[PDB]
């Protein structure tokens, strides 16, 4: 369903029928491989038995066309995400762009965040901001599932960043809340409350969003602006505005070589204005800019953000934890350093350090452990992230035994390893960390996730 005003002005902005057609047909199931865990080729090899046809996505070598309840999804080897969300992320790293400190402004539900992480090879650091509180917990679950460690979370109104955190990021991805015209294929009533007035104010929001972003972008950095909507007010008009506001500071960086076929969607400015029927998918806009120059300062550091509840772990102790963890299969890069709050023990990415005190964080990095007596309760989240499977104390489950784990039940091996603490893999992926207890392997899969159904 489509309002008259909207169609009879999509008619006057087409460079059409095919579009009405593609508009009205449902989206293709779409999947993205997580190379933090498995290579593409390996993935293809591994899921060949399931007999799916998979069309390659042109702007994402890692992208392809009951999903959530498949082993591979549970061990975090792929993300269920739409091809259009892949595009902004691809732009962000186009032409060997290799940013080390990145913000995702509207990060839930995690689709893009996870993808950026994988592309940075889990190095550097990311600030994933999400405005809605409820969506934050979704974001976090999704991050923890993919074993991402370079992410910190905030809960802010996006507009704040420009003033709060000046030339902080070397890349930003601003996927702006829009009028969702491109999303009628996922939701046949999506727009229904659509109106040109309602759009003028949405565009007003998108202005101050992108200004905030630009402000928080270090000189030299790239910013990618994307929406799910197809009109010019919210897209080209918003980018063009930014350039008018900072004429000597903003450079559009054409996206035409982004992939083969990109030309089909290329705007005179170098944006990709992807109509749904062009590549058979969602309706989407992608714009990439670079800040070429420092721009004037804002006041506006009003929010004095008070004590940070964690302290960096001292060297004597940090060493002993590193060795205690290694002894159980967990390992970290030089990208990560150990902090502490209570019995709690966290790893933060050094990339994020510089932000401490300029923003209140919802969460940072990963909880490695909680101290208990002389010991440690290793967190599931850290096992997914830091566990090396190719080990001599790994233990591979049978499919039968794997299903049991995910239904949150104890497992009884014929083998029956020697370790009192056993790193449990399936398809040779870290799946959880279990205690021995004689012959039994106790289930330590967090209950908030114990699968209810079929597998």
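Chain A uses Swiss-Prot numbers throughout; the residues present, in order, are 7-21, 26-75, 85-474.
So this one's X-ray crystallography, 2.9 Å, going by the header.
From the backbone N, Cα and C atoms, a Cβ is placed for every residue, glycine too.
For reference, Swiss-Prot has these:
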type     : residues                                         : note
ACT_SITE : 247                                              : active site, nucleophile
BINDING  : 125, 126, 127, 128, 129, 130, 131, 149, 176, 194 : S-adenosyl-L-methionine binding site
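Here the features listed in Swiss-Prot are placed on the structure.
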residue: 125; record: S-adenosyl-L-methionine binding site; Cβ neighbours (10 Å): 19
residue: 127; record: S-adenosyl-L-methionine binding site; Cβ neighbours (10 Å): 22
residue: 129; record: S-adenosyl-L-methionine binding site; Cβ neighbours (10 Å): 26
residue: 131; record: S-adenosyl-L-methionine binding site; Cβ neighbours (10 Å): 25
residue: 176; record: S-adenosyl-L-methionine binding site; Cβ neighbours (10 Å): 11
residue: 247; record: active site, nucleophile; Cβ neighbours (10 Å): 24
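A separation of roughly 13 Å, to the nearest angstrom, links the Cα atoms of residue 125 (S-adenosyl-L-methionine binding site) and residue 247 (active site, nucleophile). Residue annotation for S-adenosyl-L-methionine gives 125, 126, 127, 128, 129, 130, 131, 149, 176, 194. The furthest Cα pair among them is separated by 20 Å. Here the C-alpha separation of residue 131 (S-adenosyl-L-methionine binding site) and residue 247 (active site, nucleophile) works out to 14 Å. The residue listed as 'active site, nucleophile' and residue 176 (S-adenosyl-L-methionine binding site) are 19 Å apart (CA-CA, integer value).
The two recorded residues residue 129 (S-adenosyl-L-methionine binding site) and the residue listed as 'active site, nucleophile' have their Cα atoms spaced 16 Å from each other. Rounded to the nearest whole angstrom, the C-alpha distance between residue 127 (S-adenosyl-L-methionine binding site) and residue 247 (active site, nucleophile) is 15.
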